[PDB]
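Enquirer: for now just these chains, pulled out of the complex without moving them:
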Amino acid sequence: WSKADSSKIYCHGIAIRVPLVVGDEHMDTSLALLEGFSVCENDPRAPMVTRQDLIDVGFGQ
């Protein structure tokens, strides 16, 4: 799926329709990437990590 066509959902290229309409219910994906985290502004100084070490992180980090 992609924005600007959020009313469509591809399945092996088969486009399906949504019985509803949305313009903001999807715009907020800050919590659909990871479990206990949230996206934030880009910062190159922050170090790259994996999905495992996430357990040993703190807050404001």
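Expert: It's in. Numbers count the residues shown, from 1 in each chain, chains lettered A, B, ... in the order given.
Enquirer: the closest residue to residue A:57 other than its chain neighbours: how many residues sit nearby?
Expert: Using Cβ to Cβ, 6 or more residues apart in numbering and skipping the chain neighbours, the partner closest in space to residue A:57 is residue A:49 (7.9 Å). The C-beta positions use only the backbone N, C-alpha and C, and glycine is treated the same way. Neighbourhood size, residue A:49 [other Cβ atoms under 10 Å]: 10.
Enquirer: separation between residue A:49 and residue A:13?
Expert: 35 Å (Cβ to Cβ, to the nearest Å).
Enquirer: same structure, new chain, call it chain B:
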Amino acid sequence: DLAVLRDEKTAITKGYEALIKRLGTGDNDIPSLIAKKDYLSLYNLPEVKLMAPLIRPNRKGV
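Expert: The block that follows adds chain B to the chains above:
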């Protein structure tokens, strides 16, 4: 004066230094306690109590 590290690593190093200085002779030190197998009195030392604030707080128990 002849150092470039920040207060964090310097605090860690000084905590380790203080914890080592307790490696001398006399009771209340770690050698006597080991000889007596009093592995519990080590947890109650003051030096660990001074280094504790530096521990990651969200996983300090584990």
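Enquirer: tell me where the chain has helices.
Expert: I'll assume chain A. With DSSP state H, there are no helices along chain A.
Enquirer: actually, chain B is the one I wanted.
Expert: Under the criterion DSSP H, chain B contains helices at B:7-21, B:30-36, B:46-51.
Enquirer: does residue B:56 touch residue A:56 like I think?
Expert: Yes: at 7.2 Å, residue B:56 and residue A:56 qualify as touching, with contact defined as Cβ atoms under 8 Å.
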